[PDB]
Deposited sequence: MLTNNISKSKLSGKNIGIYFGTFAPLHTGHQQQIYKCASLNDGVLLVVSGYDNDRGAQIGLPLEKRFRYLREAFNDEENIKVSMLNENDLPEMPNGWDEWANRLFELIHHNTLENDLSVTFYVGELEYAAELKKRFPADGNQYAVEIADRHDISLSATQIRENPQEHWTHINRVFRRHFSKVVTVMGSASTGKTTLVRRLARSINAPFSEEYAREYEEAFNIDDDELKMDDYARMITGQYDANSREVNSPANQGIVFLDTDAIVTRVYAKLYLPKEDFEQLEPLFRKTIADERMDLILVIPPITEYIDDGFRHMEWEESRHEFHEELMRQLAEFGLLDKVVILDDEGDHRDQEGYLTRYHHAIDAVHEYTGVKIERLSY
């Protein structure tokens, strides 16, 4: 189930940062021509992919998941940490690659077809066929378009979203988070933003937690704030990874806004016990634009300026200030929606109509 079955198989290379429609189209054509296909993800320790947060391992794992139900397609990893352009290193890169073939196949006396898209690779590869019983052959592939699409996807992700393979999409998603008091225009604001650009959105986990377990704000305890941290995060993850994500998604609240309600309203010894779960979660969050509703749930209502001042205190603590936009109105914009909807334009780049 984990080594390639057939007798003649073909080989397809790539950095795969990210994998996209182009690749897949070339791969299924490649699969229908052989009995099996060996994908080879190539990477080195600070390559184009790694620089944007998709290191060789991250790419490999995502690729394994992407082909997780294709029996006759195996994903391999060719790690490149050796000599540059004037090497005997082609000698070595070769048998690194031929190691991948021997390990991920049964059935000696194979018939291998390399599908290479760079001419120097085919020239240096043909010099280094090993003396097993396999008789390798090289064919040329048009990667002019495929490498060029990957270039554009990395540059403008939300412009080529539908061609990014779904496993890689969670990494390119823009994320807008709204934070604020029980001045919960935020929930209506979050919907109105997302539904105006057909985006998905999360809901305040605290509201759902309190209703399901049936407790008011004053009755929340340390054990409950921890359940709300992971609750809200999972809700937000669920949307970022949602199949209905079109490139940006909106989060109703954060671990920070639940940590503000937790430094307030919670004994200093108790709060200090949660700080590790708080770091772990806030570190696992990635936000692009943070919208804050200024002072305009029963216990969380009354302390608006208390919460709002502490919220900025914490937001500085985590260096998120330059992603923060405050939806004020007086003394610029007509409605806080107007201010907010235009903020999304500046921070994600989607087109919006005028009245």
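Colleague: Could you name the stretches of the deposited sequence that have no C-alpha atoms in this structure?
Modeller: Gaps in the modelled chain, taken against the deposited sequence, lie at 1-7, 304-312, 348-353, 378-379.
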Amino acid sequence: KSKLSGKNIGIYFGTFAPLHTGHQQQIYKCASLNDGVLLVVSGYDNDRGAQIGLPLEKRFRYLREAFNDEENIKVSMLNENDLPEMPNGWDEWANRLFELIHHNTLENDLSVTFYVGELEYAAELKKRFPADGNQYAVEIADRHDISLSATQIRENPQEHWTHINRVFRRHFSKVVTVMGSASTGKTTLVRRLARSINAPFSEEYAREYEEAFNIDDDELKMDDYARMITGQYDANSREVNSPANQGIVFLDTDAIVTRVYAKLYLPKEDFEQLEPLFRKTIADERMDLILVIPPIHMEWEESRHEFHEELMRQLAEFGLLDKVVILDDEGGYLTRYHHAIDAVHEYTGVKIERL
From here on, numbers count along this sequence of modelled residues.
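Colleague: Output the stretch having the higher mean C-alpha B factor in the entry; the candidates are 243-251 and 92-100.
Modeller: For C-alpha atoms only, the mean B-factor is higher in 92-100.
Colleague: On average, which has the higher Cα B-factor in the deposited entry, 340-348 or 16-24?
Modeller: 340-348 has the higher mean C-alpha B-factor.
Colleague: Tell me, please, which of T184, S76, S196, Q232 has the highest C-alpha B factor according to the deposited entry?
Modeller: Reading the PDB entry, the winner on C-alpha B-factor is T184.
Colleague: According to the Cα B-factor stored in this entry, which of the following is highest: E159, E139, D224, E210?
Modeller: Result of the comparison over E159, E139, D224, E210: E159.
Colleague: Classify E285 as lowest, middle or highest third according to the C-alpha B-factor given in the PDB entry, relative to its own chain.
Modeller: Bottom third by C-alpha B-factor.
Colleague: Based on the entry's values, in what third of the chain does the Cα temperature factor of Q135 lie: lowest, middle or highest?
Modeller: As the PDB entry reports it, the C-alpha B-factor of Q135 lands in the highest third of its chain.
Colleague: If you rank the chain by CA B-factor, which third does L33 end up in: lowest, middle or highest?
Modeller: Middle third of the chain for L33's C-alpha B-factor.
Colleague: Which third of the chain does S303 land in by C-alpha B-factor: lowest, middle or highest?
Modeller: Highest third, going by the recorded CA B-factors of the chain.
Colleague: C-alpha B factor of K263, ranked within the chain: lowest, middle or highest third?
Modeller: For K263, the deposited C-alpha B-factor lands in the highest third.
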